[PDB]
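Contents: one structure, followed by commentary.
What follows is calculated from the coordinates using simple rules that are stated; it is not laboratory data. Cβ coordinates were reconstructed from backbone atoms using ideal geometry, including for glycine residues, and neighbour counts include every protein chain displayed.
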Amino acid sequence: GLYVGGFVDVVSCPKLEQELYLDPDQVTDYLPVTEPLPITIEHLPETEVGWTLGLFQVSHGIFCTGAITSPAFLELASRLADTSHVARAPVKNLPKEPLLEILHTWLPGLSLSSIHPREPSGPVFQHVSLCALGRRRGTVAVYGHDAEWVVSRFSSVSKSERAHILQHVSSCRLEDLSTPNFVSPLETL
Amino acid sequence: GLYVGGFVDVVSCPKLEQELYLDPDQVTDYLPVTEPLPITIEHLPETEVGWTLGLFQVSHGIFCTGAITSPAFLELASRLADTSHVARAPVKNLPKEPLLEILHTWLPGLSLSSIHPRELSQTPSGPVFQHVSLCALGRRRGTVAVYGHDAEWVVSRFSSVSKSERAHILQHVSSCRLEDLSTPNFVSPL
Ligand SMILES: O=C(O)c1ccc(NC(=O)c2cccc(CC3CCCCC3)n2)c(Cc2ccccc2)c1
Ligand SMILES: O=C(O)c1ccc(NC(=O)c2cccc(CC3CCCCC3)n2)c(Cc2ccccc2)c1
Ligand SMILES: O=C(O)c1ccc(NC(=O)c2cccc(CC3CCCCC3)n2)c(Cc2ccccc2)c1
């Protein structure tokens, strides 16, 4: 599996309107989230590729760490990263070993799905999506083979927030995570 | 009104464990096919977006011309060509006719589904071919599909197709009225 990490934008789905982007301080009463959330592609359930490990209140927002564990997703992503002229076209410029950069390129964002502000049961949070159709602010998704390397790609996480996050991630045995229910996005039509 | 044209790869059990790419000489004797076969995406039934209008043996391979007719698909692809940064990212900037370019880029492969060579050396019982798929992945032999509003323009993009073969192919293409064909089964996710 892979690790993913980054700040998230917090998004709710209205009836009528398309997308509502919350201020993260609107949901910080509900952090830390240590219960695993499904990680999906672009809010398509049926595309679970893994599981969050922790979301934490850090400096200006909400930092997520996750594991990407779906073998069908990983195999499909690797095939595309290696062989698809189209997946490869927008990257200047590719190592070989291109998977981590192809993921970062096409799934650059993390969206934390939350119930609307107006609410008071149900969980607050539903899933985290790797997002391509989202905003170019608020979130940058970094994919890597260990969590230390991932958390290293960020400048605004303090020494103690970093230690806190890694300690927590070190306690998660990946093989204890349940199978994600994944089908290709194209199979959902 | 979209035409698609290209050389195909021929595949049996596509995207399944028993998948095998066939040399085009192996199915030579079952061409031409002018009956329409469904055109789907990535061998997914329920993604029919049009109908083939001929599969021909030519000098340099098996040439397929098709019509993309699904109004849901065409309307969705056109909208996305005009509005989706994702759809546009891997295409040259500011193309005229973004639909054509987006298709030509994202669905470059034409894959002709075949029965297994097992059944081919002993006179097949039923249809040798099932469908043609527009493919994102797995083009080998197998040129980049051209999409256009005009069938002559489409075929004439391949200099590997001679003038005579072009006439032969187009003879059956304009021989088809695009609207006596059934509506393909594609439904828009949007
Ligand atoms: O079901 C299939 O056979 C199939 C084949 C190709 C593609 N993608 C493409 O042709 C394609 C081309 C360029 C860029 C991308 C998206 C990313 C590339 C690989 C890392 C994860 C997503 N997909 C997809 C969609 C898809 C698969 C995986 C993640 C998201 C979407 C599905
Ligand atoms: O709403 C959804 O759940 C969804 C999921 C996946 C994809 N595409 C893909 O994963 C994908 C991957 C490789 C190639 C394509 C073909 C698309 C054709 C039209 C412009 C965009 C490229 N789609 C699409 C776009 C789409 C799919 C099929 C026909 C039209 C539009 C929609
Ligand atoms: O509602 C819209 O305005 C809109 C804009 C763009 C796209 N996708 C595309 O333009 C598009 C083009 C090619 C391939 C894909 C699928 C991949 C999804 C995730 C990685 C990158 C591409 N989508 C979609 C379809 C969609 C696809 C996937 C998940 C949800 C919705 C809808």
From the residues A:94, B:31, A:10, which one has its Cα farthest along the dipole of the protein assembly as shown in the positive direction, the dipole being from +1 and -1 charges on Cβ of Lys/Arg and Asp/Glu about the Cα centre? A:94
Environment charge at residue A:154 (Cβ cut-off 10 Å; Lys +1, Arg +1, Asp -1, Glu -1): +1
Fewest-first ranking of A:146, B:25, using other Cβ atoms within 10 Å as the exposure measure: B:25, A:146
Listed with the fewest Cβ neighbours within 10 Å leading, A:17, B:119 appear as A:17, B:119
For the stretch B:39-190, size of Cβ-based charge dipole, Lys and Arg +1, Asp and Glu -1, in debye: 560
Would you tally the net charge around residue A:98, using a Cβ to Cβ cut-off of less than 14 Å, leaving residue A:98 out, and scoring K and R as +1, D and E as -1? +1
Mean separation of Cα contacts under 8 Å (6+ apart) over length of the stretch B:48-190, as relative contact order %: 31
Taking chain A and counting helices only, DSSP H stretches of n ≥ 4 at -39,500 (n - 2.57) each over all residues, the nearest-500 ellipticity at 222 nm comes to -6500 deg cm²/dmol
Most mobile of B:131, B:149, B:104 in a GNM of chain B (Cα contacts under 10 Å): B:149
Need the list of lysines near residue A:92 for cross-linking: C-alpha distance under 22 angstrom, and skip anything on the same chain fewer than eight residues off. B:92
Which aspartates and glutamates have a Cα less than 18 Å from the Cα of residue A:159, not counting those fewer than 8 places away in the same chain? A:146, A:148
In which sequence would B:113, A:156 go, from the one with the fewest C-beta neighbours within 10 Å to the one with the most? A:156, B:113
In whole angstrom, the spacing between the Cα centers of the stretch B:129-178 and the stretch A:1-37 equals 47
